[PDB]
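Under the authors' numbering, the residues of the sequence shown are numbered 3 to 35, 40 to 107, 110 to 150, 155 to 429, in order. All C-beta atoms in this analysis are idealised placements derived from N, C-alpha and C, irrespective of residue type, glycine included. Take a look at the structure set out below.
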Amino acid sequence: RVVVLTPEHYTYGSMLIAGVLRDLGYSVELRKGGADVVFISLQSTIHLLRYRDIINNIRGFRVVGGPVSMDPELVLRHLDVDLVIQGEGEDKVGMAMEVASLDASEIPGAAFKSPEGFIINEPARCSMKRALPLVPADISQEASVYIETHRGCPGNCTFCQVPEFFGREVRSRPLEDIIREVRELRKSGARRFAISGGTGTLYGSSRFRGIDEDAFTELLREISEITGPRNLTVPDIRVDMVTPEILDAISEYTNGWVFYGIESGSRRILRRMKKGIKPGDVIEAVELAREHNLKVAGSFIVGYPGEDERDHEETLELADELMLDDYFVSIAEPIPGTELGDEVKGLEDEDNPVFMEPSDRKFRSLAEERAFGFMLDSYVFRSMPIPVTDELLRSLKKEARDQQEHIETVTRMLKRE
Ligand code: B12
Ligand code: SF4
Ligand SMILES: [Ca+2]
Ligand SMILES: [Ca+2]
């Protein structure tokens with residue numbers, strides 16, 4: 003009857019949509035990678055291009071949702087789909103089914121085309137009470157799953173669409189809902205779990221005073237009592253939203269890793285990214301994490317528009333001084349609908365490091381050169397230095413090249429080239 007399709011991976015959003023359709027009373031299948043109505047969950051912009059042919063060849067009533075829906079014009083440009091639902095879609099799939107079985113222009117967040125242009129409705133927020141996800145029988149073959161704990165983020169990172177997709181107010185799920193969902197996923201075969209939904213430490217937070225360390229500690233404790241502490245992680249932590257109690261809870265109830273989003277060591281680029289942090293904040297957060305005996309990983313973004321060699325040098329200096337336990341390096345991705353996407357869509361190739369000339373012609377661009385250089389230097393920066401070999405060098409080269417290709421493709425898609 004109804005089939006929910008998601009490429010490459012079993013995403014939490016696809017499982018949630020399938021579970022909502024199941025609770026509504028429909029016969030639902032959740033497959034990775040046909041029916042009368044097909045709900046298509048797309049998580050990356052490049053999915054609009056990589057799977058254009060097979061999606062346009064799917065029979066039946068096709069409905070597309072997910073993060074890519076934040077730019078419905080791009081989706082409808084690449085995909086001849088009956089309906090696109092923007093934003094949260096828990097309370098929208100029933101009306102979409104009634105449309106497939110009701111006028112599509114009456115669904116909040118709906119977006120479709122017609123011989124006289126586009127009909128694009130305003131999206132709306134959903135209640136945090138919703139159906140259990142449909143867990144496929146082979147979820148153990150998939155960390156295994158990202159559990160959403162809260163929705164929305166007060167941040168303003170130009171490279172993130174969460175504040176625009178889910179809102180700027182933190183809406184925390186009921187703790188018992190999270191516990192029951194984790195219990196069900198564990199019964200179904202899932203063994204490794206990651207928190208998700210906005211920055212990690214803002215669960216149970218308030219609009220008036222923000223961080224609630226006791227709520228975060230309680231969340232971590234109650235989840236670890238179901239999963240085991242070694243099987244739980246928290247992936248996105250802001251350096252300005254940590255306390256000693258938060259770090260103690262991470263140490264006692266998770267695998268002991270704190271994943272900071274540092275992005276850059278240049279104060280100028282940090283201001284341009286609207287991260288709301290400065291290098292001193294990162295240094296203090298790493299020091300406080302070390303004092304509580306945590307493992308520390310840091311996420312960095314290279315190739316941001318306007319980043320000259322001075323900014324990259326400052327980022328490398330900071331990364332060396334931090335001596336983190338692990339480093340992750342990514343090339344800036346201009347997500348459509350974000351401030352970074354708006355800035356890159358009008359940026360000429362001579363000003364975009366993804367299309368700027370590198371000093372070494374072995375690299376396809378300056379951004380790939382900086383990415384590979386950072387990735388290589390990280391193995392001599394980290395607290396446990398790894399002797400660089402030819403195999404690791406080739407692996408880093410391949411990773412930088414793959415990131416360069418992905419970013420080039422999504423940038424050319426953003427500019428409608
Ligand atoms: C965990 C995670 C991952 C997982 C994948 C799981 C997943 N994609 O869900 C991993 C770690 C593998 C990953 C990798 C990447 N990720 Co990621 N990831 C996330 C993260 C943090 C949480 C996703 C989640 O579970 N959300 C909670 C659920 C409930 O929300 P949801 O999935 O959006 O679903 C809701 C709505 O979209 C809607 N909905 C969803 N599907 C459908 C379908 C239909 C038919 C309908 C009607 C409605 C509907 O209803 C749901 C409930 O409201 C999000 C950020 C975020 N907080 O959303 C980024 C995010 C999805 N990732 C992003 C990025 C940049 C990437 C990478 C490309 C990074 C890279 N360069 O390597 C890769 C590749 C992704 C890919 N699949 O190709 C972007 C996507 C931007 C875009 N438009 O392309 C996001 C939004 C973050 C960001 N702004 O930077 N990611
Ligand atoms: S803090 Fe994390 S979730 Fe919030 S806007 Fe920045 S990157 Fe997105
Ligand atoms: Ca307990
Ligand atoms: Ca200090």
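Where does the unbroken alpha helix (DSSP H) through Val22 begin, and where does it stop? Under the DSSP assignment, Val22 falls in the alpha helix (DSSP H) whose first and last residues are 14 to 25.
When you compare the CB positions of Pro365 and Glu319, do they come within less than 8 Å of one another, or not? Cβ atoms of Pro365 and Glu319: closer than 8 Å.
Anyone know if the C-beta pair for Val69 and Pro78 falls short of 8 Å? No, the Cβ-Cβ distance between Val69 and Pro78 is not below 8 Å.
Is the number of C-beta pairs between the stretch 176 to 184 and the stretch 118 to 127 that are closer than 8 Å three or more? Below 8 Å, too few C-beta pairs join the stretch 176 to 184 and the stretch 118 to 127 to call them touching: fewer than three.
Are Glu345 and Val392 close, meaning C-beta to C-beta below 8 Å? The answer is no: Cβ separation not under 8 Å.
When we look at the beta-carbon of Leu110 and count the other beta-carbons within 10 Å, is it buried (16 or more) or exposed? Classification for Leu110: exposed.
Quick one: using the 10 Å Cβ neighbour count with 16 as the cut-off for buried, is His11 buried or exposed? So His11 ends up on the exposed side.
Let me make sure I understand the geometry here. Which of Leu388, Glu325, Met17, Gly27 has the alpha-carbon closest to that of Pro141? Ranking the options by Cα distance to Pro141, first place goes to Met17.
Are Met76 and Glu225 closer than 8 Å when you measure CB to CB? Going by C-beta atoms, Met76 is not nearer than 8 Å to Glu225.
If you measure from the CB of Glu193, is any heavy atom of ligand 3 nearer than 7 Å? Because no heavy atom of ligand 3 lies under 7 Å away, the Cβ of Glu193 does not count as near it: no.
Check for me: the beta strand (DSSP E) holding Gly125 runs from which residue to which? Per DSSP, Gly125 belongs to the beta strand (DSSP E) from 125 to 128.
Within the same chain, show all residues whose beta-carbon is closer than 6 Å to that of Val87, passing over the 5 residues directly before and after it, in chain order. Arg68, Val70, listed in sequence order.
Is it buried or exposed, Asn243, if we count other Cβ atoms within 10 angstroms and call 16 or more buried? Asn243 is buried by the Cβ-count criterion.
Which one of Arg406, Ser311, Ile207 has the shortest CA to CA distance from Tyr265? Check the Cα spacing between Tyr265 and each of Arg406, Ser311, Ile207: the tightest is with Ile207.
Where does residue 442 sit, in a helix, a strand or coil, going by DSSP? For the chain, the structure presents residues 3 to 429; residue 442 sits outside this window and is missing.
Is any heavy atom of ligand 4 found at a distance shorter than 7 Å from the C-beta of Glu296? Under cutoff, so the answer is yes.
Looking only at its own chain, which residues have a Cβ that is under 7 Å from the Cβ of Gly349, when we skip the five neighbours before and after it? So the qualifying residues of the chain are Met76, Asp77, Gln173, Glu176.
Complete runs of the beta strand (DSSP E) confined to the stretch 251 to 303 [at least 3 residues]: Those beta strand (DSSP E) runs which fall completely within the stretch 251 to 303 and span 3+ residues are 269 to 275.
If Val5 sits next to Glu31, beta carbons under 8 Å apart, how far is it from one beta carbon to the other, in whole angstroms? Contact holds; Cβ gap of about 5 Å.
Buried versus exposed call for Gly273 [16 or more other C-beta atoms within 10 Å across all chains shown]: Answer is buried; the Cβ neighbour count reaches 16.
When we look at the beta-carbon of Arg373 and count the other beta-carbons within 10 Å, is it buried (16 or more) or exposed? Only exposed fits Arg373, as fewer than 16 other CB atoms lie within 10 angstroms of its CB.
Taking the alpha carbon of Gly315 as the reference point, which residue from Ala309, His324, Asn168, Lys307 has its own alpha carbon closest? Out of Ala309, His324, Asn168, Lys307, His324 has the C-alpha closest to the C-alpha of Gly315.
Within 10 Å of its beta-carbon, does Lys427 have 16 or more other beta-carbons around it, so buried, or fewer, so exposed? Burial is judged here by how many other beta carbons sit within 10 angstroms of a residue's own beta carbon; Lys427 has fewer than 16 and is exposed.
With DSSP as the reference, label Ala112 as helix, strand or coil. The three-state reading of DSSP puts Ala112 in helix, counting H, G and I together.
Looking only at its own chain, which residues have a Cβ that is under 7 Å from the Cβ of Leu408, when we skip the five neighbours before and after it? Same-chain partners within the cutoff: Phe384, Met387, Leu388.
Closer than 7 Å: is that where the CB of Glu299 sits relative to any heavy atom of ligand 4? For ligand 4, at least one heavy atom lies less than 7 Å from the Cβ of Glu299.
Assign residue 37 to one of three DSSP states: helix, strand, or coil. As shown, the structure holds no coordinates for residue 37; the chain passes over it, running from 35 to 40.
In terms of alpha-carbon separation, which member of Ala106, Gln416, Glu360 lies closest to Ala379? Distance from the Cα of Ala379 is smallest, within the candidate group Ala106, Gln416, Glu360, for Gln416.
Three-state secondary structure (DSSP) of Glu369: Looking at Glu369 - three-state DSSP - the assignment turns out to be coil, as it is neither helix nor strand.
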